[PDB]
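Peer 1: Provided herewith is a single structure, encoded as structure tokens, for subsequent inquiry.
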């Protein structure tokens, strides 16, 4: 019994366990996880169409909004479901050959698969409406998406390990995520905000990731200065190292 | 239920990974044909309306008929018999000819200068440069005729069409790499779905 | 008695009738496309008047006097859905004409594109040309009536119609794009089947 | 085979191999790249003319003129010890254009509309000369673009006189805020900063990999 | 080997940098006086003010100021401060970086006023450098306008009356001042920042060394 | 040994020293307030110049030559916190003057309000009047220098200072509003006590 | 904690509901004094800067000194000896006089018209109308003087000051009702908090 084999078996078990819980009992979760993006699409199209037309006459609103909204939804889902993974299956650690990290990575892969399915469905329904869906540079987009996924999973694991035995922290990080919806500039193009507050907004790694994903997805998309991938990449690597180290230090204390 | 139980990993691997790689490699390294690109950057000056009219006119049908009369695009694009995908098959419809031509010449526009860049593809570099030059000349004649028909303005060529040395669009290694990434992601997702429906 | 019977009905039967209609009964309609705009000697008002005027009733009466659209659109006996049935109301005729002629504005650049359907390519080209000529006559006649309240101004060419792309003569018919409609109908019927099956399971559970 | 990967092999490969390769390349094989910086803008007697210049600096026609004038292909192939930032002989025109676009960096300041051109060369004199040639050719291009319409323009004698004065006049001249500078030392090959950053990144990557390996191993 | 890290690690990594920094900032540091002036350009003025903002930090202005005031010999005087002084033989690029660090230009978008703060090792030298900067900037805007007008008019009365006048003038809201106490360096703020970063670094290495020590 | 001792210290002792300083040692400072604006014969740039110039160093030197602010602000020996100590630096003197003279812009209506503190009401009024006169002289002198590059223009009154409210002569001193400061300090010390008590309980629990 | 449980209910009831209402009813029904109001609506025309200057000038100190010289506001406002709160006590400071005057005259201006309305309070209706008229006349003289000092413009009176018949500001019943609401809410919150601290 190699450790990889039992790890894969428990991951598949834990994975389908998270699936059953997250998806509806009547096989209906696809309905709401497809309804969440379209409502935001409708309200932002009915609220900011002419503003985007005044912004730039080059890229239409639906595809530009989807290509930033779906990665942000994946990031927020990764953080939220990852930080609550350990304090949701406390009765599961009674059996041996299981660890909290198995639960957190099962939730991570479930969220990744669900959001990938939603992204593919949105791209298909966008191409069915005569829009532009094919990425011009797909490899850079894949790399940016991988970096964003790693950053989100790392932040979720860090919040899961750090905020054990204090649920109240999980209460406040949600209110830290609401302004991040508007700070990241996913809805409106960042080219319109004046530079007077740009240097404070360049410290958001997801902002850099979203602009780089849009640049790699669209042909002839202008990226402003200081949107290098180096800063979010280093942020993700450092946070992942810190979270893995903190989990390794507080290993036996985590499972109880 | 019985057919999804008959299915295993190895047949899924062969039907999703190795066979697409075999056909893609066979097509790219043997069947593909080089497509040289000529790039030009122009604007219209005595005015976003004028370059908007120009951008609509480049992909129009009358310009396509004029260029077909001049340089015989249909005869040129049917030459690469080796490539079945990017060649213009003889006896095809007028609408497919227009779609093929619109795919071949790509027109882009920036919002903060109004500069209009055109990239014309061709199977011979001299033909690509000639097609770009003919497009520019016809555009200049069109805007001058539009000015004269009302009863002044001339085209400014920031960058005249280049003569390419090597083709750039039929990229094989980058396409193979992104196909590998997409195929791996699709296999992983569909294998997770197969595993979770089989367990049910 | 839903079982698989409602699945069989709501999936196969609309799909079966749609396939047997599109693959045999449907008649293809050629399309002539032109792109125009209005310029002086601001200009967006002339284009918006043209957009309202092309889908009007007086222009339809003029075109019926000219080319007899009513007798042309009743030609294909094979197609019973896209054929203008003989002896119909004027309102239904106007709705049919508005469905067969599509006018799209592009917000920037002030360009109005007209796509005219017809059961013959030459007829579609002729109809589009007649529409363009009558639109130019209309935008001239408005300024003529304005200046006829003097005689020097009321006879000139105050407004000219700029034709970026003249109407084209199609070789094959773009519509009715049967495969796209079949795929869309299959997808939507699958969605209705899913929601109906789930609500039926919920009802029968109670 | 998770047990096949030991701590010694992971250490050796992941840390020492890229660090040794980078150290050898940066301290033995890398070549200096001096950079000359100039700051310009174009004034009449707007934004359109300077963004036209921004497009034109990277254009292929300017590259052909500069290659005729200064023999860029011969100069950019001299450093033989550096195989990464040298222009290999017998390369395509497209690769030559990409190399030229990489060696010349153009930054636009939109709050003031100022164009900063930084030109890299393997000698300070060559970088300064290339920047001077770029500035001169940009001014000549703007002048010719303005002159072309008035040249194509040509009672009637008044129209002829107006056409000739418009064609002969010097309409748009770019002013220089900072003329090209002759550098003293090369600044773009940053050996120590790159080496320290790569060392830190490799250490973090090894730590992450080792922790993941230990977590995988903890399933007995 | 790993069984040698203890409270002594905290001792070294925290208090040794604190002692070194305190010793350097308390006696070995050199006083740096600051002279402040506030100017603007007036007979489009935003364009000229932005031109000046770019021109202050330019290399040509630095060369002119070196030829006029000998900045190299002045900035190399405090031999007791090896960190904030300009070493002999320092290259031109490092000299430009040092000059850009020693001169601060602040732009305010609302009122359109340009603030110049010049650091010198003597109270008189800071004011002299500020005055030289102001005079050179006024000469620069005048020379730019004159050169444009003359190159246009070398092709007539308008040209020769616009090529010799004073089209551009510098409005000095606050003339350069003469300090008497060194504003810089901020010893206590720098010590607090170094203490915070040393505490964070110590915490990081403490958790790392707790992780590796776990077998 | 926190117990109630840290509560007693961090609450009473700052409160005790603040009360014994404000109720006895503090010296009240009278305030003269005026409201002005700059009009021609656009105008916001002159008021921006005035806002920058009032808190400058050359104007401070002029006012020190005129009214000797340094000897006036060192008068109250009783107050050791708000008194300008003798033999201080010019930079500290400038910061003290900037603290004792407050200039506020109102964004709409283009109004600049100046409030000048002083240990005598007549001195505060005189200082505000001198500030207003020197500001008018400065905005005139800028245009004089502008026109001295002809001689007819360089002698006129190109800019005039409109005084909506002239400086007033206070009867009583508004500052230092001891009760407000005491209440604010009590509230903030209570907040620090609460957070310190929570963190001390957390630390001692471990 | 011994006295914490000693607040019980009836002591809290008394000291938080009935005594404040006893003193409020006693003050309003006996001690209060009527304050008549005169309302005017003016604008300045040949211009938001001008009515901005006027709005600043109404509450200024120089206008207060001019009005005190003209109509003797300090003598008038000290008459209601019965009301100790809204009367101007003799021998008070200049700053308190300015604050009292600024409380007595309320200046308002709509943003979509620029109309400036003033409401002047006084213990006699004729005095309130006279104060409003003097304010208007001094404002007109001020804007004319400001125009003349540079070397044209006149005030437009949409609604001249009225002569009130009855006072309107010392509303006794509405104040008693809002005191009822506020007192009940303060009771409820403080009683819940005393219950939870006592239970601890």
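Residue numbers (PDB author numbering), protein chains in the order written: chain D, 14 to 269; chain J, 3 to 48, 72 to 176, 321 to 369; chain I, 9 to 49, 71 to 178, 313 to 369; chain K, 5 to 49, 72 to 180, 305 to 370; chain L, 6 to 48, 71 to 182, 310 to 369; chain E, 9 to 49, 71 to 178, 313 to 369; chain F, 3 to 48, 72 to 176, 321 to 369.
A virtual CB, placed ideally from N, CA and C, is assigned to each residue, including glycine.
Taking only three categories from DSSP, how would you classify residue 323 (chain K)?
Peer 2: The answer is strand: DSSP assigns residue 323 (chain K) an E or B state.
Peer 1: Ends of the alpha helix (DSSP H) at residue 87 (chain E)?
Peer 2: Where residue 87 (chain E) is concerned, the enclosing alpha helix (DSSP H) stretches over 87-96.
Peer 1: Would residue 16 (chain D) pass as an interface residue toward chain K - the criterion being a Cβ-Cβ separation below 8 Å?
Peer 2: At least one chain K Cβ lies under 8 Å of residue 16 (chain D).
Peer 1: Would you kindly report the start and end of the unbroken beta strand (DSSP E) that includes residue 367 (chain F)?
Peer 2: From DSSP, residue 367 (chain F) is part of no beta strand (DSSP E) but of the alpha helix (DSSP H) over 341-368.
Peer 1: Below 8 Å between beta carbons: does that hold for residue 334 (chain L) and residue 90 (chain E)?
Peer 2: No, they are not a contact pair.
Peer 1: Could you tell me which residues DSSP puts in a beta bridge with residue 142 (chain K)?
Peer 2: Per DSSP, K:43, K:133.
Peer 1: Among the residues of its own chain, which have a CB less than 7 Å from the CB of residue 104 (chain F), if the five just before and after it don't count?
Peer 2: Same-chain partners within the cutoff: 148.
Peer 1: Nearest CA to the CA of residue 95 (chain I): which residue from I:358, I:157, I:359, I:337?
Peer 2: Minimum Cα distance to residue 95 (chain I) is reached at I:157.
Peer 1: For the region 75-104 of chain J, which residues have a CB atom closer than 7 Å to at least one CB atom of chain I, in sequence order?
Peer 2: The region 75-104 of chain J vs chain I, Cβ under 7 Å: 77, 78, 81, 82, 85, 86, 87.
Peer 1: Do you know offhand how far residue 83 (chain F)'s Cα is from residue 137 (chain L)'s?
Peer 2: Their backbone Cα atoms lie some 30 Å apart in a straight line.
Peer 1: In whole angstroms, what is the alpha-carbon distance linking residue 122 (chain I) and residue 99 (chain J)?
Peer 2: When rounded, the distance between both Cα atoms is 42 Å.
Peer 1: Please compile the residues from chain D whose C-beta is within a distance smaller than 8 Å of the C-beta of residue 343 (chain J).
Peer 2: Near residue 343 (chain J) (Cβ distances below 8 Å), the residues of chain D are 152.
Peer 1: Does the region 127-142 of chain K come close enough to the region 35-46 of chain K to have 3 or more Cβ pairs within less than 8 Å?
Peer 2: Contact holds: three or more Cβ-Cβ distances are below 8 Å.
Peer 1: State the CB to CB distance for the pair residue 87 (chain D) and residue 128 (chain D), rounded to an integer number of angstroms; the pair is presumed to be in contact (CB under 8 Å).
Peer 2: Contact holds; Cβ gap of about 4 Å.
Peer 1: I'd like to know if residue 250 (chain D) contacts chain K, where contact means its C-beta is closer than 8 Å to some C-beta of that chain.
Peer 2: Residue 250 (chain D) counts as touching chain K.
Peer 1: Take every Cβ of the region 155-171 of chain F, pair it with every Cβ of the region 325-343 of chain F, and state whether three or more of those distances are shorter than 8 Å.
Peer 2: Verdict: yes, contact present.
Peer 1: Between the C-alpha atoms of residue 176 (chain I) and residue 322 (chain I), what's the straight-line distance to the nearest angstrom?
Peer 2: Looking at the two C-alpha atoms, the distance is approximately 13 Å.
Peer 1: Would a check of beta-carbon distances place residue 321 (chain K) closer than 8 Å to chain J?
Peer 2: No - not a single Cβ of chain J is within 8 Å of the one on residue 321 (chain K).
Peer 1: Could you pull the DSSP bridge partners for residue 48 (chain K) from this structure?
Peer 2: In DSSP, residue 48 (chain K) forms a bridge with K:322.
Peer 1: Anyone know if the C-beta pair for residue 126 (chain D) and residue 9 (chain J) falls short of 8 Å?
Peer 2: Result no, Cβ atoms of residue 126 (chain D) and residue 9 (chain J) do not sit closer than 8 Å.
Peer 1: Using a Cβ-Cβ distance cut-off of 8 Å, determine whether residue 145 (chain J) contacts chain D.
Peer 2: Cβ-Cβ to chain D under 8 Å: no for residue 145 (chain J).
Peer 1: Can you name the start and end residues of the alpha helix (DSSP H) that residue 336 (chain K) belongs to?
Peer 2: Run containing residue 336 (chain K): none; DSSP gives neither H nor E here.
Peer 1: For the region 101-111 of chain D against the region 180-194 of chain D, are there 3 or more C-beta pairs whose distance is under 8 Å?
Peer 2: Not touching, per the Cβ criterion.
Peer 1: Just to confirm, is the Cβ distance from residue 245 (chain D) to residue 218 (chain D) under 8 Å?
Peer 2: Yes, the pair counts as a contact, with Cβ atoms nearer than the cut-off.
Peer 1: If we ignore side chains and look at the alpha-carbon of each, how far apart do residue 151 (chain F) and residue 130 (chain F) end up?
Peer 2: Whole-angstrom Cα-Cα distance: 15 Å.
Peer 1: For the candidate residues D:117, D:96, D:45, D:62, whose alpha-carbon lies nearest to that of residue 75 (chain D)?
Peer 2: Ranking D:117, D:96, D:45, D:62 by Cα distance to residue 75 (chain D) puts D:62 first.
Peer 1: Name, please, each residue of chain D whose Cβ falls closer than 7 Å to the Cβ of residue 361 (chain I).
Peer 2: Simply 39, 41.
Peer 1: By the DSSP assignment, the alpha helix (DSSP H) with residue 173 (chain I) in it spans what residues?
Peer 2: Residues 150-176.
Peer 1: With 8 Å as the limit, tell me which residues of the region 257-269 of chain D have their beta carbon closer than that to any beta carbon of chain L; keep them in chain order.
Peer 2: Correct list: 258, 259, 261, 262.
Peer 1: Do residue 130 (chain D) and residue 358 (chain J) have their C-beta atoms within less than 8 Å of each other?
Peer 2: Yes, these two residues count as a Cβ contact at 8 Å.
Peer 1: For a cutoff of 8 Å on Cβ pairs, would you count residue 324 (chain I) as touching chain J?
Peer 2: False, the Cβ-Cβ gap to chain J never drops below 8 Å.
Peer 1: If we define contact as Cβ-Cβ less than 8 Å, is residue 55 (chain E) a contact residue for chain F?
Peer 2: Gap note for chain E: numbering proceeds from 49 to 71 with nothing in between, so residue 55 (chain E) has no coordinates.
Peer 1: To the nearest angstrom, how far is the alpha carbon of residue 132 (chain E) from that of residue 347 (chain L)?
Peer 2: Residue 132 (chain E) and residue 347 (chain L): Cα-Cα distance of roughly 33 Å.
Peer 1: What three-state label does DSSP hand residue 147 (chain E) in the structure shown?
Peer 2: Correct three-state label for residue 147 (chain E): strand.
Peer 1: Taking the alpha helix (DSSP H) that residue 23 (chain I) falls in, what are its first and last residues?
Peer 2: Taken as a continuous stretch (DSSP letters only), the alpha helix (DSSP H) holding residue 23 (chain I) covers 13-28.
Peer 1: Are any of the Cβ atoms in chain K nearer than 8 Å to that of residue 7 (chain L)?
Peer 2: Chain K, which has no Cβ nearer than 8 Å to the Cβ of residue 7 (chain L), makes this no.
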